[PDB]
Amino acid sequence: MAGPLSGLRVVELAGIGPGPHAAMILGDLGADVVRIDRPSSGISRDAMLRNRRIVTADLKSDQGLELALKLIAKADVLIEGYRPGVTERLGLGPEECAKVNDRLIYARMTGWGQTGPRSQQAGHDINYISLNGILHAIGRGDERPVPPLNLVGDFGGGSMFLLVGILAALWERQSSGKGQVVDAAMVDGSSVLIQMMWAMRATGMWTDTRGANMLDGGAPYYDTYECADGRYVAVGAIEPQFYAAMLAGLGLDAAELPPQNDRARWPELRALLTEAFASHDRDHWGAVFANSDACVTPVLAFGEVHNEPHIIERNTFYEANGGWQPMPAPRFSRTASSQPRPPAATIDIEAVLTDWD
């Protein structure tokens, strides 16, 4: 198994959203990932289950439980993404696991956390980010907030903090001999993910008004613009020098414009930039600003990404199954990840135990 995490052993209790994602990235980086699902559920067609061995096991039977504790005893990391109390009642809780393996990294992935008034409340991404200020800050000012898919609570503020916790605990274990419990709550991870805004708010550089900020779409130089063909470019020319280069490429004389950061005149600046970008198509601007520091890029739909030179040449994607999927990230000079293995048809939990003795 290729990658920096070769020989890491991971048991994943099947859930949804962050847990599977974290487990995927471990697999991607060459960890040995065994996913316990329930027998009620051919080859699974969710490519988020790549780089896994899938076993079934009724964890409510005494046999399925025992079989599971046998895996966990042979493993470095356990991931679970159920409401609190769930693993405990299965007899798979942190304390039961410590009995069969005091070295285990016990990784708990929730939205709301392990305790507290909301800890038994069902939820999805959109809910975890509603409570901590994040969702309110996203979208245009004249409109209701828009969910940034499930990228911020589940993955960015969720799976990724679970991973940072699993791997920091493994480092700590190198010196202590011992495992421990990682409590990764989406409401917490996503708040750290957005620490920059909390910092900026303290220094009066961010307001709670939606659509009135440097990075939320309010700044005319950090937003998308519609082009003559109805497609879009993104402009991100925060630095004055990059901003100047953008104006020149648009054909606009800086002298006739309001200042870049005179916020009172932003509506006026935006009207001028809107008219300029609308006068040619997306691909024209892509060509004009190639090799430039103007921070102007075409906004590609998923279906066009495979045709973009910079994407093709770094192999950010590989072809699979129905189509393209992202190659592992990040990349390693010496112990390079390899292409993911497709979702690996159900194997028998005994076989795995033989393999791991």
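Residue indices: 1-based, along the sequence shown.
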property: Residue 30 dropped from a third or more of the other entries of this protein; result: no
property: Other compared entries missing residue 41, a third or more; result: yes
property: Between residue 41 and residue 42 - deposited residues without coordinates, as a size class; result: 1 to 3
property: Stretch exceeding the other in mean C-alpha B-factor - 149 to 157, 201 to 209; result: 201 to 209
property: Comparing 123 to 131 with 280 to 288, the one whose average Cα B-factor in the PDB entry is higher; result: 280 to 288
property: Per the PDB entry, maximal CA B factor within 184, 246, 104, 233; result: 104
property: Maximum C-alpha temperature factor, selected from 114, 176, 274, 261; result: 176
property: Third of chain Cα B-factors occupied by residue 18; result: lowest
property: B-factor third for the C-alpha atom of residue 51 within its chain; result: middle
property: Third of chain Cα B-factors occupied by residue 82; result: middle
property: Chain thirds of CA B-factor: placement of residue 295; result: lowest
property: Assigned third (lowest, middle, highest) for the C-alpha B factor of residue 314; result: middle
